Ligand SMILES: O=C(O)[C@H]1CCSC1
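As structure tokens, one chain now follows by itself in the form solved without (3R)-thiolane-3-carboxylic acid (XH7).
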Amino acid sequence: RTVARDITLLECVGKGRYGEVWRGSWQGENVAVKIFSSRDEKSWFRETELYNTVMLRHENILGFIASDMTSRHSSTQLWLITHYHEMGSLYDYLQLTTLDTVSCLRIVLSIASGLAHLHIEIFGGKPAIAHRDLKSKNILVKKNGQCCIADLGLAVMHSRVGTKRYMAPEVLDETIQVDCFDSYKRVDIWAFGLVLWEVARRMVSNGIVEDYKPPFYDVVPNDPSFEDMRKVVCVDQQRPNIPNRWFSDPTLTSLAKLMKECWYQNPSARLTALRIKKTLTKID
């Protein structure tokens, strides 16, 4: 049997410290090709080890196609191949679009569904998984209006560190119980609540919308330091602003309440992904 392995790389859609992401062609179909830097090889090994353990298949998790290691003259090339979402990341999408009630709820419920699927242990099945780097750049927008969660390079299974802007207080003040798997679920719930805030800002009510901003845009610099974030989140205990205009809208009022219950200083007081899913389904 012939095995057609050739991928044509067509355009670069992402470049960073991690490496690059390319739109590629395989047998007439779009694929996304993440090429890792040597600096970030451990992210390729973690994501590969996870998918070798459990082949995740969920509509709100970026679809795995392949992990490839190729031998080069004086180096190894590490590639992760996934489904391609031509609408790009939620971060990208929120900059140039506003949302209505239905599209805002569809986005956040799809993210909650993906996250609950990661978090749940299923017997027979999958281990429980914490993402550890949830943010709007690690969420992709699909044509059907739902999103999917990407990048399991920092993920931890039960049975590089997170982006500083989205770190929970217990990460910033180094009190997180590192031995306790539920601590990592609670870290993801904090980051989820910041994503919920980013999205809700872009939902129109009464002819009003907020400009896209990243969480804590008004209180920390670009590329905030660990110390910058610790002072805001742990010492001053600041939380993202809820604008007055949200309290005229039943959807945004319910989402504000949800956000608050993701941001408790005490990690054990935070809602579970499954409770967020239920709350979101009952809105509107």
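Throughout, we count residues from 1 along the sequence that is shown. We call the rigid core the largest set of C-alpha positions that still match within 1.5 Å between the two forms.
Taken in 6 other deposited structures of this protein and fitted on the core, 75-83 and 104-112 differ in how far their Cα atoms move from the shown form, and the one that moves more is 75-83. Structural divergence in 6 other deposited structures of this protein between 255-263 and 43-51: following superposition by the core, 43-51 has C-alpha atoms lying farther from the shown form. Missing-residue comparison: residue 159 falls in the unmodelled set for a third or more of the other PDB entries checked. According to the entry, the stretch of the deposited sequence that connects residue 175 to residue 176 contains no residue lacking coordinates, so the chain runs unbroken between them. Counting the deposited residues that fall between residue 207 and residue 208 and carry no coordinates gives zero. Once the C-alpha B-factors are averaged per stretch, 274-282 and 1-9 rank with 1-9 first. Relative to one another, 244-252 and 24-32 have unequal mean CA B-factors, and 24-32 is the one with the higher figure. Of the candidates 77, 82, 110, 136, it is 77 whose Cα B-factor is highest according to the PDB record. For the set 188, 179, 198, 170, the PDB entry puts the maximum C-alpha B factor at 179. Among the modelled residues of the chain, residue 101 sits in the middle third by CA temperature factor in this PDB entry.
Placement of the Cα temperature factor of residue 39 within the chain: highest third of the modelled residues, per the deposited record. Compared with the other modelled residues of the chain, the Cα B-factor recorded for residue 60 ranks in the lowest third. Sort the chain's modelled residues by C-alpha temperature factor and residue 121 lands in the highest third, per the entry. Among the modelled residues of its chain, residue 67 has a C-alpha B-factor that falls in the middle third, as given in the PDB entry.
Here the subject shifts to the form solved in complex with (3R)-thiolane-3-carboxylic acid (XH7), a form of this protein not shown in this document.
Using a 4.5 Å cutoff between non-hydrogen atoms, residue 58 counts as a contact of (3R)-thiolane-3-carboxylic acid (XH7) in the deposited bound form. Mapping the unseen interface onto this chain, residue 117 counts among the residues with a heavy atom inside 4.5 Å of (3R)-thiolane-3-carboxylic acid (XH7) in the deposited bound form. For the chain shown alone, residue 217 is not a contact residue for (3R)-thiolane-3-carboxylic acid (XH7) in the deposited bound form, no non-hydrogen atom being within 4.5 angstroms. Using a 4.5 angstroms limit between non-hydrogen atoms, residue 45 touches (3R)-thiolane-3-carboxylic acid (XH7) in the deposited bound form. Each of 113, 122 and 277 is positioned with at least one heavy atom within 4.5 Å of (3R)-thiolane-3-carboxylic acid (XH7) in the deposited bound form. Segments offered: 231-239, 218-226, 244-252, 36-44. Contacting (3R)-thiolane-3-carboxylic acid (XH7) in the deposited bound form at heavy atom distances within 4.5 Å is 36-44.
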